[PDB]
Amino acid sequence: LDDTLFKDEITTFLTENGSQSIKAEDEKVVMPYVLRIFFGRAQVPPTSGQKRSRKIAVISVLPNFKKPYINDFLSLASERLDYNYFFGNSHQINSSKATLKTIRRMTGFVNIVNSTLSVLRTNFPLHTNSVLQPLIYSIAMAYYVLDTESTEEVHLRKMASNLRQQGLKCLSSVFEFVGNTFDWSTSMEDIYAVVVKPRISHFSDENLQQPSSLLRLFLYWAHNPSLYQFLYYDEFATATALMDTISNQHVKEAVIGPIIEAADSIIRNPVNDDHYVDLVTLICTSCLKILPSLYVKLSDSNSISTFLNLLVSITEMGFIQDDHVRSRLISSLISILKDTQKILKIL
Amino acid sequence: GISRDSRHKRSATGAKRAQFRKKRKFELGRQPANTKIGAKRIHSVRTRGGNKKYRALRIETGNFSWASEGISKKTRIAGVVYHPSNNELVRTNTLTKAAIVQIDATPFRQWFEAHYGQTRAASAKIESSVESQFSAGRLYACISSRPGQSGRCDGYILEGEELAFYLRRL
Amino acid sequence: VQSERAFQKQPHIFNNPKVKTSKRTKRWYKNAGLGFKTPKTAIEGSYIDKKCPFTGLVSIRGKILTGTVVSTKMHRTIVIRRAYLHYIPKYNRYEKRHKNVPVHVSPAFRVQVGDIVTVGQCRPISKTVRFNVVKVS
Amino acid sequence: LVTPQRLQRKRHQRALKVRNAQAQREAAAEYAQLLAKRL
Amino acid sequence: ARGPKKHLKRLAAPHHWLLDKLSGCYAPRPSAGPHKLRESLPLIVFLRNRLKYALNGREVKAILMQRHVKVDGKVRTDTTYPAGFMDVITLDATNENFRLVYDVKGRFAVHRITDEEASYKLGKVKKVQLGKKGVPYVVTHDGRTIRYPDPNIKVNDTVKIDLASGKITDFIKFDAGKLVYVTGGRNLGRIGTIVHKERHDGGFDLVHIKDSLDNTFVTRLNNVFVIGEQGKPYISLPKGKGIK
Amino acid sequence: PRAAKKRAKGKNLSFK
RNA sequence: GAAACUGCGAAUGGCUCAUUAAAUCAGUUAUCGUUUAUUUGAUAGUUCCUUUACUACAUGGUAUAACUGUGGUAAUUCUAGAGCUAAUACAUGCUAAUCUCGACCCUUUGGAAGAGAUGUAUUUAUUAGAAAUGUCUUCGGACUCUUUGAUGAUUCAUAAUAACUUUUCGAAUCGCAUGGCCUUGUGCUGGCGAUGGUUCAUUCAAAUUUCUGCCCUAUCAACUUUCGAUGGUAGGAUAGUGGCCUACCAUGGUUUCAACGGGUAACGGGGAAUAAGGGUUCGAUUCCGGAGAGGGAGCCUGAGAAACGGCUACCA
Ligand SMILES: [Mg+2]
Ligand SMILES: [Mg+2]
Ligand SMILES: [Mg+2]
Ligand SMILES: [Mg+2]
Ligand SMILES: [Mg+2]
Ligand SMILES: [Mg+2]
Ligand SMILES: [Mg+2]
Ligand SMILES: [Mg+2]
Ligand SMILES: [Mg+2]
Ligand SMILES: [Mg+2]
Ligand SMILES: [Mg+2]
Ligand SMILES: [Mg+2]
Ligand SMILES: [Mg+2]
Ligand SMILES: [Mg+2]
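- Its PDB record attributes the structure to cryo-EM, giving the resolution as 4.17 Å.

- The record deposited in the PDB is entitled "SSU processome maturation and disassembly, State L".

- The PDB entry annotates chain A as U3 small nucleolar RNA-associated protein 20 of Saccharomyces cerevisiae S288C.

Rendered as structure tokens:
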């Protein structure tokens with residue numbers, strides 16, 4: 001609790017295998033007190049260099065703790081967040097809960113989760129009740145406030161927007177670190193319906209400039225076979241939205257390159273289900289349609305190579321059997337001419 | 001009592017100079033600060049001008065930088081293992097610049113698994129001796145800060161030729 | 001090179017063992033100026049010397065003098081002899097005078113007793129040394 | 001004692017700070033335009 | 001001594017002030033300010049011994065605290081304020097504007113100027129460097145730090161500064177054929193045009209200057225101040241045009 | 001540019 | 001407006017020449033080797049970030065003088081106990097921003113769905129610091145590319161990444177005056193000054209420092225080095241270089257071109273006297289620089305003192 005001795009005490013008292021460290025028997029009783037104390041320090045506003053370091057110190061002792069205790073700390077952050085009503089009902093937000101105060105509480109929670117993810121990374125313990133379902137609820141209200149709120153409450157609108165940006169970033173992080181390890185089938189429908197579904201309609205015009213957290217999210221699913229069922233929902237709505245970004249006239253190279261890499265993985269990652277066949281047919285035709293206009297935009301040799309790598313992927317899988325696929329694969333190829341061995345092999 | 005003036009010393013030719021003047025404040029000296037491992041005790045010093053100096057009477061914690069990966073972590077200082085100037089400082093565990101000390105492996109290790117997901121593979125490859133140190137649980141580090149001046153015990157981890165030479169000396 | 005208790009290194013010059021781009025250890029050097037050519041033996045040398053004009057943390061500024069080497073019996077420094085004629089007006093005649101200057105020499109130079117060395121002033125290296133050998137002939 | 005004069009002084013200080021920030025931004029923009037003109 | 005001195009004997013004062021040796025025992029000691037001690041004219045000397053408006057120190061104090069004197073477009077109340085070369089002194093009550101420029105003799109001359117000329121001054125670029133936040137700045141001979149300089153402005157160049165706002169209106173490069181003014185040495189106060197900047201590595205640069213009479217002299221670079229291109233000075237010159 | 005152009009007279013009384 | 005707190009000065013000035021023989025000093029260099037109150041010019045919106053359970057329409061005694069009152073001592077610019085009360089003293093602590101791109105409309109004085117970015121101070125580590133001779137066009141112009149600076153010289157300036165701190169700063173200060181907006185509220189906004197505050201530069205300064213130059217003495221020829229003398233490495237110390245000191249190393253350094261030692265009724269110089277010229281003597285003494293405050297030694301304060309019309313010990 002003492003401010004001057006706080007930093008030295010953490011390194012001494014809480015270091016794993018420390019001589020002064022808590023004995024294994026005494027952890028169960030002492031630990032809740034430790035978590036509450038460290039939780040108290042975590043709300044210190046970072047308005048100075050010392051204060052920023054203190055917020056880094058409190059998050060940095062998390063790896064020392066055992067995983068059950070880490071989950072306890074994440075729980076304490078989310079206890080204030082009232083979310084059980086949201087998931088209890090059919091995912092409808094209460095008007096009373098929608099206030100600047102509640103937005104302020106969630107912004108703190110996501111920041112702690114973002115900080116914890118950076119420290120633990122793959123070792124981060126992911127649980128439905130403690131972190132994921134409060135996290136999804138936060139992105140839900142950010143959507144709820146922004147559409148419902150009037151332009152007059154600029155401060156609330158700005159505050160909600162920050163929660164959306166952090167929440168989407170917080171998702172894209174947790175998918176990356178622990179996506180493969182954790183099994184998401186139970187919460188899978190909830191994540192799409194609450195996060196991806198509302199923004200699918202305008203996903204195309206939104207992400208032209210550079211990759212965004214929601215876009216980085218879609219790419220990860222495209223890369224990982226297990227999470228393709230995300231791409232299957234709503235007649236492959238997310239799959240189309242990615243190509244709608246590509247189909248736009250003004251999409252920049254930073255956004256182009258990743259998606260073709262993602263699309264190439266899907267072609268090179270066979271999956272045993274009907275939805276996969278309709279997807280790849282959708283993926284190939286859309287990426288094949290707009291390809292020549294993308295090449296002129298491309299200004300990097302590597303960006304050219306990945307474009308070729310997708311073409312050779314098409315030929316190997318046998319889509320070139322189709323007359324429309326073949327004739328247009330040539331059209332994109334001649335645009336490349338208008339790596340060399342890869343081209344010659346394709347010809 | 002401590003003074004630095006070149007006057008009291010003999011001349012290059014061996015002649016001895018006479019006392020030109022009394023001792024001056026602007027050529028003063030102060031007692032050494034033998035920093036040792038122990039509960040953080042630092043006291044400020046009013047120096048020339050409005051500036052101020054920190055005297056590290058005791059420190060446990062220091063900021064050590066893993067250069068090869070470009071990170072820096074705060075870590076407890078275990079003890080002084082070797083110092084190149086005077087070995088009594090090693091015997092007394094006195095902390096000064098260029099002293100060779102032992103630090104805990106914990107924050108560096110946890111960062112290692114977190115970033116590399118390994119207890120990609122090519123990047124995770126690390127020099128064998130340091131991996132042996134990780135397995136040991138303590139790392140050899142060299143203090144680059146001056147605890148007698150700044151009140152810090154910052155340092156950097158030993159690697160490569162530096163590490164090999166200091167192990168050979170050990 | 002490693003003939004002493006402490007490690008000799010060019011300060012703040014880091015070699016990353018991971019990248020291992022080149023076998024030769026990275027070496028920092030500078031040109032002293034005044035048209036003084038940095039010798040190659042300094043460029044691809046292996047000596048460590050903090051007082052070296054080309055590889056150490058020392059800068060040449062002030063007077064530039066020339067002298068004849070009279071002693072080289074110590075480590076990394078020499079003693080040179082500068083001779084001159086002082087005028088006596090009463091007798092309207094010159095008088096031979098001399099002075100001995102101790103000057104630091106970097107190991108990049110090989111100096112014997114008798115050659116002519118051009119030296120440049122630098123910060124006080126030691127009690128009596130204020131110059132650094134910059135050219136041998 | 002909280003009086004109108006103290007409120008005046010606090011408000012004036014805040015106004016001075018914002019005015020200084022705006023002036024610095026304008027100066028930086030002008031320098032950038034000069035550099036763009038030459039390049 | 002043990003600390004800064006605060007007294008100046010009359011015999012030790014700069015000669016160019018023209019202080020009577022028998023008038024007293026002490027001379028005005030210039031306080032810290034834009035210009036160095038030896039190259040500065042304290043306001044007391046200017047108001048009393050040159051303009052003769054005040055008869056002793058005390059009326060000078062009265063004039064100053066009446067706020068009738070403006071140096072560098074700003075009111076000054078220190079009697080020993082070190083006004084120096086190319087400093088504009090305004091007395092609005094008298095409707096008088098002065099620019100401090102040495103005569104051919106080497107002495108600060110009472111040179112009256114118009115308001116339009118008084119609106120701007122000239123400063124030699126003593127330093128050009130990047131400050132904090134990566135903001136370039138120039139330090140002039142009078143200690144003015146001007147940020148966001150024109151990147152062509154280099155050391156030894158001269159910049160035209162607007163007194164009211166303190167920005168660089170224009171600048172002159174230091175090149176052969178430019179018109180220069182000598183601010184030190186035996187040639188002090190002479191005006192001419194450059195012929196060569198002779199350069200010595202690790203040593204003081206030397207500049208050869210030719211006057212309108214075709215006479216040539218050499219002076220150290222530190223004593224040279226560009227004031228314009230030949231036949232077109234950017235400031236009004238004193239009587240004699242720096243000849244002899 | 002040209003310099004600014006240059007710009008009380010004695011009075012006498014006799015008495016007694 | 002007494003007294004007292006607070007801030008500044010007292011480190012300038014004046015006096016004397018005891019000590020001092022490469023020391024001071026004169027001339028001439030360097031700080032890429034460091035501190036610097038003050039003067040002068042620049043210089044700091046970080047929106048947000050859970051207990052908002054919230055002072056910023058402004059926080060405490062974690063506090064006292066002057067003062068009231070009770071007292072000691074032969075005596076001093078001696079002061080004890082108790083009761084009070086302030087800050088530009090002391091200790092704490094906050095309050096819907098700006099900038100990049102920008103789809104889509106619109107074709108400009110354009111609007112902006114949204115993707116993004118966000119102080120200083122200290123310490124360490126790392127990184128940067130180097131055949132477009134075409135096309136169209138309205139005949140103008142547009143289309144693609146550039147992108148740090150200085151020094152003779154740098155690990156320079158500056159910027160960036162990761163952490164760090166018994167760790168700072170980012171106005172809880174004051175005078176004069178009552179203008180402007182309105183939804184008429186002691187609502188919102190607002191002038192001219194003073195004093196403070198981070199960093200840089202300038203100025204006044206300070207410290208070391210490169211080279212040449214001092215009277216008599218050889219019946220002073222070898223000196224220095226055990227207890228640093230010369231140099232190397234590492235550390236401590238300092239504002240900082242440096243045997244300045246410490247630990248380990250080598251054996252070095254000066255000298256008949258007079259080292260070393262001794263004498264000096266030796267502070268050095270600008271100068272003064274004499275002389276036809278060469279020379280000889282004097283120079284405490286109106287200006288500069290150095291040292292001292294009866295003699296040694298050691299210190300608080302402060303930007304600046306080894307201060308003595310500041311302090312402590314020892315000797316007379
Ligand atoms: Mg120079
Ligand atoms: Mg003697
Ligand atoms: Mg000397
Ligand atoms: Mg003052
Ligand atoms: Mg100031
Ligand atoms: Mg009391
Ligand atoms: Mg050293
Ligand atoms: Mg020793
Ligand atoms: Mg005497
Ligand atoms: Mg004298
Ligand atoms: Mg004294
Ligand atoms: Mg006496
Ligand atoms: Mg004394
Ligand atoms: Mg005195």
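### Thoughts on the pairing of strand 15 (residues 206–210) of chain E
All names here are of chain E.
Phase 1 of the analysis: Burial along strand 15 is one-sided: the face carrying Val207 and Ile209 is buried and the face carrying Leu206, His208 and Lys210 is not.
Phase 2 of the analysis: As paired strands, strand 14 (residues 191–198) and strand 15 are joined by 5 bridges and run antiparallel to one another. The partner of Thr193 across the bridge, within strand 15, is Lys210.
Phase 3 of the analysis: Examined bridge by bridge, strand 15 and strand 16 (residues 216–220) share 5 bridges and lie antiparallel to one another. Looking across to strand 16, one finds that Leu206 is bridged to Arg220.
Phase 4 of the analysis: Connecting strand 15 to the next strand, strand 16, in antiparallel fashion are 5 residues, including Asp214 with a positive phi near 75°.

### As for the protein's contact with RNA strand G
Phase 1 of the analysis: The immediate surroundings of RNA strand G are formed by 196 residues, with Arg104 of chain A together with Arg55, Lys97, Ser144 and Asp154 of chain B found nearest.
Phase 2 of the analysis: Of everything in RNA strand G that lies within 4 Å of the protein, sugar and phosphate atoms constitute 74%.
Phase 3 of the analysis: A distance of 2.8 Å separates a sugar or linking oxygen of RNA strand G from a polar atom in the side chain of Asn111 of chain A.
Phase 4 of the analysis: Take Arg4 of chain B: an N or O atom from its side chain is 2.6 Å from a sugar or linking oxygen of RNA strand G.
Phase 5 of the analysis: Looking at the surface near RNA strand G element by element, the count peaks at 15 residues for helix 1 (residues 4–38) of chain D.

### Some words on the pattern of salt bridges
Phase 1 of the analysis: Scanning the entire structure with this criterion turns up 17 salt bridges over all chains.
Phase 2 of the analysis: Among the salt bridges present, the one from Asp3 of chain A reaches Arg41 of chain A, with a minimum N-O distance of 3.5 Å. Taken as a pair, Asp3 of chain A in the segment before helix 1 (6–13) and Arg41 of chain A in helix 2 (residues 27–42) lie far apart in primary sequence, 38 residues in all.
Phase 3 of the analysis: Judged by its relative accessible area of 42%, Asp3 of chain A falls in the partly exposed class.
Phase 4 of the analysis: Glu96 of chain E is paired through a salt bridge with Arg7 of chain F; the nearest N and O atoms lie 3.3 Å apart.

### Comments concerning the interface of chain B and chain C
Phase 1 of the analysis: Counting from both sides, the interface comprises 22 residues of chain B and, opposite them, 15 residues of chain C.
Phase 2 of the analysis: Taking both sides of the interface into account, the surface hidden between chain B and chain C amounts to around 1,400 Å²; carbon and sulfur atoms contribute 51%.
Phase 3 of the analysis: Taken together, the links from chain B to chain C amount to 1 salt bridge.
Phase 4 of the analysis: When the shortest N-O distance is used, the salt bridge between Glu69 of chain B and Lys18 of chain C registers 2.3 Å.
Phase 5 of the analysis: In this structure, the connection of chain B to chain C is made through 8 residue pairs in polar contact.
Phase 6 of the analysis: Element by element, the count of residues in the side of chain B that touches chain C is highest for helix 5 (residues 160–169) of chain B, at 4 residues.
Phase 7 of the analysis: In the side of chain B that touches chain C, the residues fall into 7 nonpolar, 7 polar and 8 charged.

### Quick word on helix 4 (residues 128–136) of chain B
All names here are of chain B.
Phase 1 of the analysis: Looking only at helix 4, the buried set comprises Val130, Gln133 and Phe134. Viewed end-on, helix 4 has its buried residues packed into an arc of 100°, placing them on one side of the element. Projecting away from the buried face of helix 4 at angles above 90 degrees are the exposed residues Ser128, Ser135 and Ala136.
Phase 2 of the analysis: Those residues of helix 4 that are buried are in contact with strand 6 (61–66), helix 2 (106–116), strand 10 (138–143) and helix 5.
Phase 3 of the analysis: After helix 4 finishes, the residue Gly137 shows a positive phi value of roughly 105°.

### With respect to the packing of aromatic side chains
Phase 1 of the analysis: Applying the stated rule across the entire model yields 31 aromatic pairs over all chains.
Phase 2 of the analysis: On the numbers, 6.2 Å between centres and 5° between planes, the contact of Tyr228 of chain A with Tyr276 of chain A is stacked. On the criterion of sequence distance, the pair formed by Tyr228 of chain A in the loop between helix 11 (213–223) and helix 12 (229–247) and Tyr276 of chain A in helix 14 (residues 274–297) is long-range, its members being 48 residues apart. There is no split in this pair, since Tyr228 of chain A and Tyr276 of chain A are both buried.
Phase 3 of the analysis: Taken together, the aromatic side chains of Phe175, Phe182, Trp184, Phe203, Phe218, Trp221 and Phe230 of chain A make up a single cluster linked through ring pairs.
Phase 4 of the analysis: We note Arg220 of chain E situated over the ring of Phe204 of chain E; from NZ or CZ to the ring centre the distance is 4.9 Å.

### What to know about unusual backbone geometry
Phase 1 of the analysis: Notably, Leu18 of chain E is not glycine yet its phi reads approximately 60°, a positive angle.
Phase 2 of the analysis: Positionally, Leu18 of chain E belongs in the segment before strand 1 (40–42).

### Examining the sheet that holds strand 10 (residues 145–147) of chain E
Residues and elements named next belong to chain E.
Phase 1 of the analysis: Taken in spatial order, the 5 strands line up as 10-9-8-11-12 in an open sheet, and their pairing is antiparallel. In this open sheet, the two edge strands, each paired with only one partner strand, are strand 10 and strand 12 (168–172). Put simply, the sheet's adjacent strands are angled 40° from each other on average, direction ignored.
Phase 2 of the analysis: Strand direction decides the pairing type here: strand 8 (residues 120–130) and strand 11 (residues 158–162), joined by 5 bridges, are antiparallel. In the strand pairing of strand 11, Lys121 is matched with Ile161.

### Examining the interface of chain D and chain E
Phase 1 of the analysis: With 6 residues of chain D in contact, the opposing surface of chain E contributes 7 residues.
Phase 2 of the analysis: Inspection of the chain D/chain E interface yields 1 salt bridge.
Phase 3 of the analysis: Taken together, the connections running from chain D to chain E amount to 2 residue pairs in polar contact.
Phase 4 of the analysis: Here the side of chain D that touches chain E is built from residues that sort into 4 nonpolar, 1 polar and 1 charged.

### With respect to a nonpolar patch on the surface
Phase 1 of the analysis: A cluster of nonpolar side chains, contributed by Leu1, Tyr33 and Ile37 of chain A, occupies part of the molecular surface with about 370 Å² of accessible area.
Phase 2 of the analysis: Along the polypeptide, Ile37 of chain A turns up in helix 2.

### Notes on a positive patch on the surface
Residues and elements named next belong to chain B.
Phase 1 of the analysis: On the surface, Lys25, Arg30, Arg46 and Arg48 cluster together into a patch of positive charge.
Phase 2 of the analysis: Position of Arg46 among the secondary structure elements: in strand 4 (residues 41–46).
Phase 3 of the analysis: A relative accessible area of 65% places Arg46 in the exposed class.

### Considerations on the packing of helix 15 (residues 301–317) of chain A against helix 16 (residues 323–337) of chain A
Each packed pair of helices is defined by two parameters, the angle between the axes and the distance between the axes.
Residue and element names in this part refer to chain A.
Phase 1 of the analysis: Contact geometry for helix 15 and helix 16: axes closest at 11 Å, N-to-C directions at 155°. The pairing of helix 15 with helix 16 is recorded here as roughly antiparallel in orientation. As for the relative orientation of helix 15 and helix 16, their crossing is left-handed in sense. Across the interface between the two elements, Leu308, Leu311, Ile314 and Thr315 of helix 15 pack against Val325, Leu329 and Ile336 of helix 16.
Phase 2 of the analysis: Classifying every residue of the contact of helix 15 with helix 16 gives 6 nonpolar, 1 polar and no charged.

### What about the environment of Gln230 of chain E?
Residues and elements named next belong to chain E.
Phase 1 of the analysis: With respect to the helices, strands and loops of the structure, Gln230 is situated in the loop between strand 17 (224–229) and strand 18 (232–233).
Phase 2 of the analysis: Take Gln230: its relative accessible area is 45%, and that puts it in the partly exposed class.
Phase 3 of the analysis: In contact with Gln230, not counting residues within four places along its chain, are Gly177, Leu179 and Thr193.
Phase 4 of the analysis: In this structure the side chain of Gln230 is engaged in a polar contact, spanning 3.2 Å, whose partner is the side chain of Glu229.

The rules behind each value
Each chain is numbered from 1 in the order of its written sequence, a scheme that can depart from the entry numbering, and any residue without coordinates is omitted. All chains are assigned letters beginning with A, and all ligands numbers beginning with 1, in the order in which they are written. Values throughout apply to the visible chains only, these chains being members of a larger assembly. Side-chain metrics in this entry use all non-hydrogen atoms of the structure; hydrogen atoms and water are not considered. Relative accessibility thresholds used throughout: buried, under 20% of the residue-type maximum; exposed, over 50%; partly exposed, between the two (1.4 Å probe, protein chains only). Secondary structure counts use DSSP, requiring at least four H or I residues in a row for a helix and at least two E residues in a row for a strand, with both numbered from the N terminus. Pairing between two strands requires that DSSP report at least two bridges joining them. If even one non-hydrogen atom of a residue comes within 4 Å of a molecule or strand, that residue is called near it. Whenever a nitrogen or oxygen atom comes within 3.5 Å of another N or O atom, the pair is scored as a polar contact, on the condition that within protein one atom can donate a hydrogen and the other can accept it, and that pairs from neighbouring residues in sequence are kept only if both atoms are in side chains. The term salt bridge refers to a side-chain nitrogen of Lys or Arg lying within 4 Å of a carboxyl oxygen of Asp or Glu. Any two residues having at least one pair of non-hydrogen atoms within 4.5 Å are treated as being in contact. As a working definition, buried area equals the accessible area (1.4 Å probe) given up by two parts on being put together, with both sides summed. Each residue gets one of three labels, nonpolar for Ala, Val, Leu, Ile, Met, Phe, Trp, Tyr, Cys and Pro, charged for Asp, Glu, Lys and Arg, and polar for the others, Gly among them. The arc under discussion is defined with respect to the helix axis, by the directions toward the C-beta atoms. Here a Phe, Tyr or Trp ring, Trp counted by its six-membered ring, pairs with any other such ring whose centre lies within 6.5 Å, and the pair is stacked when the planes are under 30 degrees apart, edge-to-face when over 60, and tilted otherwise. In this scheme, the term charge over a ring applies when either NZ of a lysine or CZ of an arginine sits within 6 Å of the ring centre and within 35 degrees of the ring normal. A fitted line through C-alpha atoms represents every axis, and for helices the fit uses only the stretch in contact; the resulting angles, taken between N-to-C directions, go from 0 to 180 degrees. Patch criteria: residues need more than 30% relative accessible area and no salt bridge. Like-charged residues are merged within 9 Å; nonpolar side chains of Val, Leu, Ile, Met, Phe, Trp and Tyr are merged within 5 Å. Working definition of accessibility: Shrake-Rupley area with a 1.4 Å probe, residue cover restricted to the visible protein chains. Note on charges: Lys and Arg go in the positive column, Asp and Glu in the negative column, and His and the chain ends are not counted at all. All charge positions are set by atom: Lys at NZ, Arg at CZ, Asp at CG, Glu at CD. For classification, angles of less than 35 degrees are called roughly parallel, those exceeding 145 degrees roughly antiparallel, those between 65 and 115 degrees roughly perpendicular, and all remaining angles oblique. Crossings are sorted by hand: turned counterclockwise from the far helix by less than a right angle, the near helix makes the crossing left-handed, and turned clockwise it makes it right-handed.

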